[PDB]
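Visitor: Contents of query_19.cif (mmCIF, C-alpha atoms and all ligand atoms) are given next:
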data_final
loop_
_atom_site.label_atom_id
_atom_site.label_comp_id
_atom_site.auth_asym_id
_atom_site.auth_seq_id
_atom_site.Cartn_x
_atom_site.Cartn_y
_atom_site.Cartn_z
CA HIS A 4 78.53 45.38 22.18
CA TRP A 5 76.59 48.55 23.02
CA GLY A 6 74.06 49.97 20.59
CA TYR A 7 70.59 51.42 20.51
CA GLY A 8 68.38 48.31 20.81
CA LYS A 9 66.24 46.77 23.60
CA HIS A 10 69.16 44.45 24.25
CA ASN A 11 72.09 46.84 24.27
CA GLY A 12 70.55 50.34 24.28
CA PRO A 13 71.01 53.34 26.59
CA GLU A 14 69.42 51.64 29.60
CA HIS A 15 72.13 48.94 29.42
CA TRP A 16 75.20 51.13 29.03
CA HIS A 17 75.91 51.61 32.73
CA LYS A 18 76.98 47.99 33.10
CA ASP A 19 80.07 48.57 30.91
CA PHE A 20 80.32 52.33 31.49
CA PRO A 21 79.28 53.11 35.11
CA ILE A 22 79.70 56.87 34.56
CA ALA A 23 76.41 56.48 32.69
CA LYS A 24 74.89 57.24 36.13
CA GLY A 25 77.31 60.15 36.80
CA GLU A 26 76.69 63.72 37.84
CA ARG A 27 77.31 65.42 34.47
CA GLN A 28 75.69 63.13 31.88
CA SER A 29 74.37 64.28 28.50
CA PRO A 30 72.08 64.98 26.80
CA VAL A 31 69.59 66.86 29.00
CA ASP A 32 66.28 68.57 28.61
CA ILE A 33 66.84 72.34 28.23
CA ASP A 34 64.19 73.99 30.40
CA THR A 35 64.18 77.44 28.77
CA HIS A 36 62.49 78.95 31.90
CA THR A 37 65.15 77.86 34.37
CA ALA A 38 68.09 78.57 32.06
CA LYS A 39 69.94 81.68 33.29
CA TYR A 40 70.80 84.48 30.90
CA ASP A 41 74.52 85.16 31.43
CA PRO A 42 75.51 88.67 30.21
CA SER A 43 79.14 87.67 30.86
CA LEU A 44 79.14 84.95 28.12
CA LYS A 45 80.91 85.96 24.91
CA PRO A 46 79.48 85.49 21.37
CA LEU A 47 80.68 82.24 19.97
CA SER A 48 83.50 82.49 17.46
CA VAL A 49 83.08 79.83 14.86
CA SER A 50 85.98 80.07 12.41
CA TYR A 51 85.48 77.42 9.72
CA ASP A 52 86.90 79.35 6.72
CA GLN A 53 89.90 76.98 6.35
CA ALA A 54 88.14 73.73 7.29
CA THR A 55 89.51 70.68 5.41
CA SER A 56 87.18 67.70 5.33
CA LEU A 57 88.76 64.36 4.53
CA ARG A 58 86.41 61.47 4.79
CA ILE A 59 82.95 60.33 5.69
CA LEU A 60 82.51 57.12 7.70
CA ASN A 61 79.71 54.81 8.86
CA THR A 62 80.87 53.86 12.38
CA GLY A 63 78.04 51.31 12.96
CA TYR A 64 76.31 53.78 15.29
CA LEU A 65 76.10 56.96 13.18
CA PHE A 66 77.96 58.56 10.30
CA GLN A 67 80.67 61.15 10.74
CA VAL A 68 82.51 63.61 8.53
CA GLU A 69 86.16 63.92 9.57
CA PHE A 70 88.44 66.88 9.24
CA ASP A 71 92.19 67.29 9.09
CA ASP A 72 92.89 68.63 12.56
CA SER A 73 96.71 68.50 12.25
CA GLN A 74 96.90 72.30 12.01
CA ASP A 75 94.93 75.23 13.46
CA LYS A 76 92.29 75.48 10.76
CA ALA A 77 88.66 75.31 11.86
CA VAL A 78 88.36 76.51 15.45
CA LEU A 79 85.66 77.28 17.98
CA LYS A 80 86.40 79.74 20.72
CA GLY A 81 84.72 82.34 22.89
CA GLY A 82 81.37 81.87 24.55
CA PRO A 83 81.93 79.82 27.72
CA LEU A 84 85.20 78.45 26.49
CA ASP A 85 88.70 79.19 27.72
CA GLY A 86 91.23 78.83 24.95
CA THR A 87 90.82 77.29 21.51
CA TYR A 88 89.03 74.14 20.36
CA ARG A 89 89.78 72.51 17.00
CA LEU A 90 87.11 70.89 14.79
CA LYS A 91 87.69 67.15 14.47
CA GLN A 92 84.45 65.72 13.08
CA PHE A 93 80.71 66.27 12.82
CA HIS A 94 77.96 63.66 13.00
CA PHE A 95 74.25 63.31 13.48
CA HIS A 96 71.72 61.46 15.59
CA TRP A 97 68.22 60.93 14.17
CA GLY A 98 64.86 59.20 14.54
CA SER A 99 62.77 56.52 12.84
CA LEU A 100 60.03 59.27 12.64
CA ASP A 101 60.18 63.04 12.23
CA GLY A 102 58.77 63.32 15.84
CA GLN A 103 61.98 62.13 17.49
CA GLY A 104 65.71 61.87 16.92
CA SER A 105 67.38 64.66 18.82
CA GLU A 106 69.38 63.96 21.98
CA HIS A 107 68.84 67.28 23.70
CA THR A 108 65.25 68.44 24.05
CA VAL A 109 63.86 71.95 24.52
CA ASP A 110 61.04 72.17 27.10
CA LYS A 111 60.67 68.43 26.31
CA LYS A 112 60.38 69.08 22.54
CA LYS A 113 62.19 66.46 20.45
CA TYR A 114 63.55 67.41 17.02
CA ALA A 115 63.96 65.08 14.02
CA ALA A 116 67.72 65.00 14.31
CA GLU A 117 70.70 66.66 16.00
CA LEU A 118 74.00 67.67 14.47
CA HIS A 119 77.11 67.60 16.68
CA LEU A 120 80.30 69.38 15.66
CA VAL A 121 83.03 67.94 17.89
CA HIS A 122 86.04 70.06 18.82
CA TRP A 123 88.99 69.38 21.09
CA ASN A 124 90.89 71.70 23.41
CA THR A 125 94.27 72.44 21.76
CA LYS A 126 95.90 72.84 25.25
CA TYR A 127 95.87 68.99 25.31
CA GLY A 128 97.80 68.51 22.05
CA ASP A 129 95.49 66.01 20.41
CA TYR A 130 92.03 64.54 20.55
CA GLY A 131 92.95 61.29 22.29
CA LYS A 132 94.42 63.20 25.24
CA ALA A 133 91.68 65.87 25.26
CA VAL A 134 88.86 63.28 25.48
CA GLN A 135 90.31 62.18 28.85
CA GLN A 136 90.11 65.63 30.40
CA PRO A 137 87.17 67.45 32.09
CA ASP A 138 87.33 70.39 29.63
CA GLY A 139 88.66 68.34 26.70
CA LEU A 140 85.82 68.74 24.21
CA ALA A 141 83.43 71.36 23.05
CA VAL A 142 80.48 70.06 21.12
CA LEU A 143 78.35 72.45 19.10
CA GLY A 144 74.81 71.00 18.84
CA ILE A 145 72.28 72.04 16.21
CA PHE A 146 68.72 70.77 16.02
CA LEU A 147 67.18 69.70 12.71
CA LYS A 148 63.50 70.08 11.97
CA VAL A 149 61.75 68.78 8.86
CA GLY A 150 60.65 71.48 6.44
CA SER A 151 62.56 73.15 3.57
CA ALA A 152 65.74 71.38 2.34
CA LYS A 153 69.10 72.51 3.65
CA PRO A 154 71.14 73.02 0.45
CA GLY A 155 74.43 72.75 2.35
CA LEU A 156 73.50 69.25 3.59
CA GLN A 157 72.87 67.78 0.18
CA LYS A 158 76.47 66.78 -0.58
CA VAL A 159 76.38 64.70 2.63
CA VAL A 160 73.01 63.09 1.81
CA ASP A 161 74.13 62.12 -1.69
CA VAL A 162 77.23 60.22 -0.52
CA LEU A 163 75.39 58.07 2.09
CA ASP A 164 74.58 55.33 -0.37
CA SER A 165 78.38 54.76 -0.72
CA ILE A 166 78.66 54.17 3.07
CA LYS A 167 75.52 52.15 3.72
CA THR A 168 77.09 49.68 6.14
CA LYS A 169 79.28 49.72 9.26
CA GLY A 170 82.96 50.34 8.47
CA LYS A 171 82.49 51.85 4.98
CA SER A 172 84.19 55.20 4.26
CA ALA A 173 84.41 57.53 1.28
CA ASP A 174 86.65 60.50 0.45
CA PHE A 175 84.79 63.64 1.38
CA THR A 176 86.93 66.62 0.55
CA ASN A 177 86.05 70.30 0.16
CA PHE A 178 82.89 70.08 2.25
CA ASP A 179 82.17 73.40 3.99
CA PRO A 180 80.49 72.89 7.42
CA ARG A 181 79.40 76.56 7.40
CA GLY A 182 76.57 75.41 5.17
CA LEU A 183 75.03 73.52 8.10
CA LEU A 184 74.74 76.49 10.49
CA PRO A 185 71.56 78.44 11.25
CA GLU A 186 71.43 82.20 10.95
CA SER A 187 71.65 82.86 14.72
CA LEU A 188 74.44 81.73 17.09
CA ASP A 189 72.32 82.30 20.21
CA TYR A 190 73.03 79.28 22.42
CA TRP A 191 72.59 77.45 25.67
CA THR A 192 75.62 75.98 27.45
CA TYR A 193 76.17 73.48 30.23
CA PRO A 194 78.84 70.98 31.36
CA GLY A 195 78.24 67.40 30.35
CA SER A 196 79.47 64.26 28.64
CA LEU A 197 79.80 62.21 25.52
CA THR A 198 76.36 60.92 24.65
CA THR A 199 77.73 57.54 23.47
CA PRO A 200 79.99 55.12 25.37
CA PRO A 201 82.37 55.70 26.93
CA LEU A 202 80.17 58.55 28.24
CA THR A 203 83.18 60.47 29.55
CA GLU A 204 82.39 63.76 31.33
CA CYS A 205 84.70 65.80 29.11
CA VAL A 206 82.24 67.99 27.16
CA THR A 207 81.27 71.64 27.30
CA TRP A 208 77.96 71.57 25.46
CA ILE A 209 76.96 74.54 23.28
CA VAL A 210 73.46 74.03 21.89
CA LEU A 211 72.16 76.58 19.34
CA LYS A 212 68.62 77.82 19.92
CA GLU A 213 67.75 78.10 16.23
CA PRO A 214 67.20 74.77 14.44
CA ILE A 215 68.06 74.25 10.82
CA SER A 216 65.45 73.06 8.37
CA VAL A 217 66.04 69.89 6.40
CA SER A 218 63.67 68.22 3.96
CA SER A 219 61.75 65.03 4.58
CA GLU A 220 63.75 63.51 1.69
CA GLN A 221 67.10 64.42 3.25
CA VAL A 222 66.30 62.80 6.62
CA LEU A 223 64.75 59.84 4.85
CA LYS A 224 68.18 59.22 3.34
CA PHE A 225 69.76 59.13 6.81
CA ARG A 226 67.29 56.34 7.69
CA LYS A 227 68.45 54.15 4.80
CA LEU A 228 71.83 53.70 6.46
CA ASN A 229 72.55 50.46 8.28
CA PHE A 230 73.91 49.69 11.72
CA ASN A 231 75.13 46.33 10.44
CA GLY A 232 78.18 45.58 8.32
CA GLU A 233 78.00 44.39 4.70
CA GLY A 234 76.82 40.81 4.43
CA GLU A 235 75.11 40.84 7.82
CA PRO A 236 71.32 41.13 8.27
CA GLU A 237 69.85 44.56 7.58
CA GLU A 238 69.18 46.76 10.58
CA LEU A 239 68.19 50.29 9.60
CA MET A 240 70.23 52.97 11.35
CA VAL A 241 67.42 54.85 13.11
CA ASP A 242 66.86 56.05 16.68
CA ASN A 243 70.56 56.35 17.46
CA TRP A 244 69.92 58.97 20.19
CA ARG A 245 70.38 58.78 23.93
CA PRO A 246 67.36 60.15 25.90
CA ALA A 247 67.70 63.07 28.29
CA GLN A 248 69.61 62.39 31.49
CA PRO A 249 69.16 63.92 34.99
CA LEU A 250 70.38 67.51 35.20
CA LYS A 251 71.55 66.90 38.79
CA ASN A 252 72.98 70.05 40.26
CA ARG A 253 73.90 71.72 36.96
CA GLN A 254 72.83 75.11 35.58
CA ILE A 255 72.14 75.72 31.90
CA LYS A 256 73.25 79.19 30.83
CA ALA A 257 71.73 81.17 27.94
CA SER A 258 73.65 83.59 25.78
CA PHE A 259 70.46 85.50 25.04
CA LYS A 260 67.26 87.21 26.09
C1 LIG B 301 75.02 39.21 22.63
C2 LIG B 301 75.30 40.61 22.17
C3 LIG B 301 74.70 41.63 23.16
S1 LIG B 301 75.49 41.42 24.79
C4 LIG B 301 75.81 43.06 25.37
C5 LIG B 301 74.84 43.69 26.03
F1 LIG B 301 73.67 43.12 26.23
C6 LIG B 301 75.06 44.97 26.49
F2 LIG B 301 74.01 45.49 27.13
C7 LIG B 301 76.30 45.63 26.30
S2 LIG B 301 76.57 47.37 26.86
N1 LIG B 301 76.71 47.62 28.59
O1 LIG B 301 77.91 47.88 26.45
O2 LIG B 301 75.31 47.95 26.28
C8 LIG B 301 77.32 44.92 25.59
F3 LIG B 301 78.54 45.40 25.31
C9 LIG B 301 77.04 43.63 25.12
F4 LIG B 301 77.97 42.96 24.45
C1 LIG B 302 82.87 58.11 21.24
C2 LIG B 302 83.89 59.19 21.31
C3 LIG B 302 84.50 58.99 19.97
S1 LIG B 302 83.39 59.74 18.74
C4 LIG B 302 82.09 60.81 19.42
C5 LIG B 302 82.45 61.96 20.02
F1 LIG B 302 83.68 62.45 20.09
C6 LIG B 302 81.43 62.71 20.50
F2 LIG B 302 81.70 63.87 21.07
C7 LIG B 302 80.11 62.34 20.49
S2 LIG B 302 78.81 63.39 21.13
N1 LIG B 302 77.35 62.72 20.71
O1 LIG B 302 78.90 63.44 22.58
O2 LIG B 302 79.04 64.59 20.37
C8 LIG B 302 79.82 61.13 19.82
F3 LIG B 302 78.59 60.62 19.70
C9 LIG B 302 80.83 60.38 19.32
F4 LIG B 302 80.49 59.24 18.74
ZN ZN B 303 76.62 63.18 19.02
#
Rewrite the coordinates I just gave you, this time as structure tokens.

Guide:
Amino acid sequence: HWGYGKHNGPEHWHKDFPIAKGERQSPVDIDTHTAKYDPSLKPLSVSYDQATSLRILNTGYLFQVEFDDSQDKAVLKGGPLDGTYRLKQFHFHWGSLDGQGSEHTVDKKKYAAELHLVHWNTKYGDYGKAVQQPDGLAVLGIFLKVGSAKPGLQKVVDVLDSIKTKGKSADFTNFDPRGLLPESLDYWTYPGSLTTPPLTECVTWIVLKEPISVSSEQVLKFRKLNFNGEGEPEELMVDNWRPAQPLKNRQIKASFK
């Protein structure tokens, strides 16, 4: 199966998922000097006041926190989006070293990790339909740098030892994703794709300019997870990021400056 290694990593994915070589692949390098300020973009509206987390899961590729998306609770709207997108899950990608781990880059700068909050377009009724459509998903991306601890991340960090291996889950209720946001909602936006197979071109990317700070100890705990399942040989879950893909004809828009 696909993964992040020499044998089955990003450079191999095209053989099972030919859209890997498509015209709107993600992530990309964000060249801050060619991005266009767009005074017509709206401020993002991130409404997470009624978010209901359910569960945290080690998928064998990453870990994800899942939300009850059976009602209009936690929604993203505004900015470049038409309509209303419902929060389904967040997850992270991270490095073996603090020097790498993010999927998007900024003027070629790699961050230690990248948080993705995945939302689906409620015009399509549910996630499984939405992920098939060109404007099905909106993913909010937030860079992590290593520095001061992020207090709102600690509840996540502390549960990871209960989901060390592929397929493990744990109840994860009452987690507030507002704790993971930076102060500023200034963003870049561009049309792209899932960054993991099946690499579908269904994503409007919204990448915040301001990183959040996490401690060395918090990211260290991400790196103790395992790609493998229980009772299989230990492979640390590190470097689960796809490198930047060709921008092709696309324009990155900035909400600011
Ligand atoms: C023997 C186990 C690895 S075989 C393999 C593979 F090499 C891939 F590149 C892929 S891919 N194109 O999905 O990365 C794959 F699914 C595989 F099963
Ligand atoms: C694979 C599709 C099922 S889960 C998923 C996803 F929805 C994403 F948007 C992304 S991402 N990285 O494009 O936000 C992701 F990595 C995922 F694993
Ligand atoms: Zn992701």

Visitor: Do a neighbour search on residue 72 of chain A at 12 Å with only C-alpha atoms, toss out local chain neighbours closer than 2 positions, and write the hits as a list in words.

Guide: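 Counting only the stated atoms, we get residues 51, 53, 54, 55, 56, 57, 69, 70, 74, 75, 76, 77, 78, 88, 89, 90, 91, 92, 121, 122, 123, 124, 125, 128, 129 and 130 of chain A.
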
Visitor: Determine, using all atoms listed in the file, which residues of chain A have any atom at most 10 Å from an atom of ligand ZN 303 (chain B), and tabulate each with its shortest atom pair and distance in Å to one decimal place, rows ordered by chain and then rising number, as JSON lines.

Guide:
{"residue": "A:29", "atom": "CA", "partner": "B:ZN303", "partner_atom": "ZN", "distance": 9.8}
{"residue": "A:30", "atom": "CA", "partner": "B:ZN303", "partner_atom": "ZN", "distance": 9.2}
{"residue": "A:65", "atom": "CA", "partner": "B:ZN303", "partner_atom": "ZN", "distance": 8.5}
{"residue": "A:66", "atom": "CA", "partner": "B:ZN303", "partner_atom": "ZN", "distance": 10.0}
{"residue": "A:67", "atom": "CA", "partner": "B:ZN303", "partner_atom": "ZN", "distance": 9.4}
{"residue": "A:93", "atom": "CA", "partner": "B:ZN303", "partner_atom": "ZN", "distance": 8.0}
{"residue": "A:94", "atom": "CA", "partner": "B:ZN303", "partner_atom": "ZN", "distance": 6.2}
{"residue": "A:95", "atom": "CA", "partner": "B:ZN303", "partner_atom": "ZN", "distance": 6.0}
{"residue": "A:96", "atom": "CA", "partner": "B:ZN303", "partner_atom": "ZN", "distance": 6.2}
{"residue": "A:97", "atom": "CA", "partner": "B:ZN303", "partner_atom": "ZN", "distance": 10.0}
{"residue": "A:105", "atom": "CA", "partner": "B:ZN303", "partner_atom": "ZN", "distance": 9.4}
{"residue": "A:106", "atom": "CA", "partner": "B:ZN303", "partner_atom": "ZN", "distance": 7.9}
{"residue": "A:107", "atom": "CA", "partner": "B:ZN303", "partner_atom": "ZN", "distance": 10.0}
{"residue": "A:117", "atom": "CA", "partner": "B:ZN303", "partner_atom": "ZN", "distance": 7.5}
{"residue": "A:118", "atom": "CA", "partner": "B:ZN303", "partner_atom": "ZN", "distance": 6.9}
{"residue": "A:119", "atom": "CA", "partner": "B:ZN303", "partner_atom": "ZN", "distance": 5.0}
{"residue": "A:120", "atom": "CA", "partner": "B:ZN303", "partner_atom": "ZN", "distance": 8.0}
{"residue": "A:121", "atom": "CA", "partner": "B:ZN303", "partner_atom": "ZN", "distance": 8.1}
{"residue": "A:142", "atom": "CA", "partner": "B:ZN303", "partner_atom": "ZN", "distance": 8.2}
{"residue": "A:143", "atom": "CA", "partner": "B:ZN303", "partner_atom": "ZN", "distance": 9.4}
{"residue": "A:144", "atom": "CA", "partner": "B:ZN303", "partner_atom": "ZN", "distance": 8.0}
{"residue": "A:197", "atom": "CA", "partner": "B:ZN303", "partner_atom": "ZN", "distance": 7.3}
{"residue": "A:198", "atom": "CA", "partner": "B:ZN303", "partner_atom": "ZN", "distance": 6.1}
{"residue": "A:199", "atom": "CA", "partner": "B:ZN303", "partner_atom": "ZN", "distance": 7.3}
{"residue": "A:243", "atom": "CA", "partner": "B:ZN303", "partner_atom": "ZN", "distance": 9.3}
{"residue": "A:244", "atom": "CA", "partner": "B:ZN303", "partner_atom": "ZN", "distance": 8.0}
{"residue": "A:245", "atom": "CA", "partner": "B:ZN303", "partner_atom": "ZN", "distance": 9.1}

Visitor: Which value, in Å to one decimal, gives the distance between atom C8 of ligand LIG 301 (chain B) and atom CA of residue 16 of chain A?

Guide: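 Atom CA of residue 16 of chain A lies at a distance of 7.4 Å from atom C8 of ligand LIG 301 (chain B).
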
Visitor: Could you give me, as JSON lines, every chain A residue with an atom at most 10 Å from ligand LIG 301 (chain B), plus its closest atom pair and distance in Å to one decimal, counting only C-alpha atoms and all ligand atoms, rows ordered by chain then number?

Guide:
{"residue": "A:4", "atom": "CA", "partner": "B:LIG301", "partner_atom": "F3", "distance": 3.1}
{"residue": "A:5", "atom": "CA", "partner": "B:LIG301", "partner_atom": "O2", "distance": 3.6}
{"residue": "A:6", "atom": "CA", "partner": "B:LIG301", "partner_atom": "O2", "distance": 6.2}
{"residue": "A:7", "atom": "CA", "partner": "B:LIG301", "partner_atom": "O2", "distance": 8.2}
{"residue": "A:8", "atom": "CA", "partner": "B:LIG301", "partner_atom": "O2", "distance": 8.8}
{"residue": "A:9", "atom": "CA", "partner": "B:LIG301", "partner_atom": "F2", "distance": 8.6}
{"residue": "A:10", "atom": "CA", "partner": "B:LIG301", "partner_atom": "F1", "distance": 5.1}
{"residue": "A:11", "atom": "CA", "partner": "B:LIG301", "partner_atom": "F2", "distance": 3.7}
{"residue": "A:12", "atom": "CA", "partner": "B:LIG301", "partner_atom": "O2", "distance": 5.7}
{"residue": "A:13", "atom": "CA", "partner": "B:LIG301", "partner_atom": "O2", "distance": 6.9}
{"residue": "A:14", "atom": "CA", "partner": "B:LIG301", "partner_atom": "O2", "distance": 7.7}
{"residue": "A:15", "atom": "CA", "partner": "B:LIG301", "partner_atom": "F2", "distance": 4.5}
{"residue": "A:16", "atom": "CA", "partner": "B:LIG301", "partner_atom": "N1", "distance": 3.8}
{"residue": "A:17", "atom": "CA", "partner": "B:LIG301", "partner_atom": "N1", "distance": 5.8}
{"residue": "A:18", "atom": "CA", "partner": "B:LIG301", "partner_atom": "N1", "distance": 4.5}
{"residue": "A:19", "atom": "CA", "partner": "B:LIG301", "partner_atom": "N1", "distance": 4.2}
{"residue": "A:20", "atom": "CA", "partner": "B:LIG301", "partner_atom": "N1", "distance": 6.6}
{"residue": "A:21", "atom": "CA", "partner": "B:LIG301", "partner_atom": "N1", "distance": 8.9}
{"residue": "A:23", "atom": "CA", "partner": "B:LIG301", "partner_atom": "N1", "distance": 9.8}
{"residue": "A:200", "atom": "CA", "partner": "B:LIG301", "partner_atom": "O1", "distance": 7.6}
{"residue": "A:201", "atom": "CA", "partner": "B:LIG301", "partner_atom": "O1", "distance": 9.0}

Visitor: Between A:31, A:84, A:206, A:116, which one has atoms that come closest to ligand LIG 302 (chain B), using all atoms listed in the file?

Guide: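 That would be A:206, the residue with the smallest distance to ligand LIG 302 (chain B).
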
Visitor: Can you tell me how far atom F1 of ligand LIG 302 (chain B) sits from atom CA of residue 132 of chain A, in Å to one decimal?

Guide: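 So the two atoms, atom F1 of ligand LIG 302 (chain B) and atom CA of residue 132 of chain A, lie 11.9 Å apart.
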
Visitor: Please, what distance in Å, to one decimal, runs between atom CA of residue 63 of chain A and atom CA of residue 166 of chain A?

Guide: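 If I compute the distance from atom CA of residue 63 of chain A to atom CA of residue 166 of chain A, I get 10.3 Å.
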
Visitor: Go through A:109, A:205, A:22, A:173 and flag the residue nearest ligand LIG 302 (chain B), using only C-alpha atoms and all ligand atoms for the distances.

Guide: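 With only C-alpha atoms and all ligand atoms as the atom set, the closest residue is A:205.
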
Visitor: Can you list, as a PDB file with C-alpha atoms, keeping the file's coordinate frame, every protein, DNA or RNA residue that comes within 10 Å of residue 82 of chain A when you count only C-alpha atoms, leaving out same-chain residues fewer than 3 positions away?

Guide:
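Once everything was written out, this is out13.pdb:
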ATOM      1  CA  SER A  43      79.140  87.670  30.860  1.00  0.00           C
ATOM      2  CA  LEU A  44      79.140  84.950  28.120  1.00  0.00           C
ATOM      3  CA  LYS A  45      80.910  85.960  24.910  1.00  0.00           C
ATOM      4  CA  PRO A  46      79.480  85.490  21.370  1.00  0.00           C
ATOM      5  CA  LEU A  47      80.680  82.240  19.970  1.00  0.00           C
ATOM      6  CA  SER A  48      83.500  82.490  17.460  1.00  0.00           C
ATOM      7  CA  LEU A  79      85.660  77.280  17.980  1.00  0.00           C
ATOM      8  CA  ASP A  85      88.700  79.190  27.720  1.00  0.00           C
ATOM      9  CA  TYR A 190      73.030  79.280  22.420  1.00  0.00           C
ATOM     10  CA  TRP A 191      72.590  77.450  25.670  1.00  0.00           C
ATOM     11  CA  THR A 192      75.620  75.980  27.450  1.00  0.00           C
ATOM     12  CA  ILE A 209      76.960  74.540  23.280  1.00  0.00           C
ATOM     13  CA  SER A 258      73.650  83.590  25.780  1.00  0.00           C
TER      14      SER A 258
END

Visitor: Would you mind telling me which residue in A:193, A:71, A:224, A:171 lies nearest to residue 251 of chain A when using all atoms listed in the file?

Guide: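 Looking at the shortest contact to residue 251 of chain A, the residue is A:193.
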
Visitor: Of the candidates A:226, A:181, A:260, A:148, which one gets nearest to residue 112 of chain A if we count only C-alpha atoms?

Guide: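 Selected residue with least distance to residue 112 of chain A: A:148.
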
Visitor: From the options A:87, A:172, A:196, A:103, which residue's atoms come nearest to ligand LIG 302 (chain B), counting all atoms listed in the file?

Guide: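 Selected residue with least distance to ligand LIG 302 (chain B): A:196.
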
Visitor: Check the smallest atom-to-atom distance from each of A:108, A:168, A:203, A:151 to ligand LIG 302 (chain B) using all atoms listed in the file, then report the winner.

Guide: A:203

Visitor: Near segment 211-219 of chain A, counting all atoms listed in the file, which residues have an atom at most 7 Å away, once you skip same-chain residues fewer than 2 positions from it, shown as a PyMOL selection string?

Guide: chain A and resi 144-153+185+187-191+209+221-223

Visitor: For residue 237 of chain A, please output as a tab-separated table (two decimals) with C-alpha atoms, keeping the file's coordinate frame all residues within 12 Å (counting only C-alpha atoms; exclusion window: fewer than 2 positions along the same chain).

Guide:
chain	number	residue	atom	x	y	z
A	63	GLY	CA	78.04	51.31	12.96
A	167	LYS	CA	75.52	52.15	3.72
A	168	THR	CA	77.09	49.68	6.14
A	169	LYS	CA	79.28	49.72	9.26
A	227	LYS	CA	68.45	54.15	4.80
A	228	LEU	CA	71.83	53.70	6.46
A	229	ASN	CA	72.55	50.46	8.28
A	230	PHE	CA	73.91	49.69	11.72
A	231	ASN	CA	75.13	46.33	10.44
A	232	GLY	CA	78.18	45.58	8.32
A	233	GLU	CA	78.00	44.39	4.70
A	234	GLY	CA	76.82	40.81	4.43
A	235	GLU	CA	75.11	40.84	7.82
A	239	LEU	CA	68.19	50.29	9.60
A	240	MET	CA	70.23	52.97	11.35
A	241	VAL	CA	67.42	54.85	13.11

Visitor: Supply segment 117-131 of chain A as a short mmCIF file (atom, residue, chain, number, x, y, z; two decimals), in the frame of the given file, with N, CA and C atoms built in where the input has gaps.

Guide:
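Printed below is rebuild.cif as written:
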data_model
loop_
_atom_site.label_atom_id
_atom_site.label_comp_id
_atom_site.auth_asym_id
_atom_site.auth_seq_id
_atom_site.Cartn_x
_atom_site.Cartn_y
_atom_site.Cartn_z
N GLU A 117 69.81 65.73 15.33
CA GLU A 117 70.70 66.66 16.00
C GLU A 117 72.08 66.46 15.40
N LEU A 118 72.65 67.58 15.01
CA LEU A 118 74.00 67.67 14.47
C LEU A 118 74.95 68.06 15.59
N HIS A 119 76.08 67.34 15.68
CA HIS A 119 77.11 67.60 16.68
C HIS A 119 78.40 67.86 15.95
N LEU A 120 78.96 69.08 16.14
CA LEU A 120 80.30 69.38 15.66
C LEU A 120 81.28 69.29 16.83
N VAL A 121 82.18 68.31 16.75
CA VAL A 121 83.03 67.94 17.89
C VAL A 121 84.37 68.62 17.73
N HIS A 122 84.77 69.35 18.78
CA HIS A 122 86.04 70.06 18.82
C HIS A 122 86.81 69.67 20.06
N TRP A 123 88.15 69.69 19.93
CA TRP A 123 88.99 69.38 21.09
C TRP A 123 89.85 70.57 21.47
N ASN A 124 90.13 70.63 22.77
CA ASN A 124 90.89 71.70 23.41
C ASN A 124 92.37 71.58 23.03
N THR A 125 92.93 72.61 22.34
CA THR A 125 94.27 72.44 21.76
C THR A 125 95.30 72.51 22.90
N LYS A 126 94.91 72.90 24.14
CA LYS A 126 95.90 72.84 25.25
C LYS A 126 96.35 71.39 25.49
N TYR A 127 95.58 70.40 25.02
CA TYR A 127 95.87 68.99 25.31
C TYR A 127 96.55 68.27 24.15
N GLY A 128 96.85 69.00 23.06
CA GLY A 128 97.80 68.51 22.05
C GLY A 128 97.16 67.61 21.00
N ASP A 129 96.27 66.70 21.42
CA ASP A 129 95.49 66.01 20.41
C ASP A 129 94.19 65.52 21.03
N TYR A 130 93.36 64.96 20.15
CA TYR A 130 92.03 64.54 20.55
C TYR A 130 92.10 63.43 21.60
N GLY A 131 92.94 62.41 21.37
CA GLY A 131 92.95 61.29 22.29
C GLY A 131 93.29 61.68 23.72
#
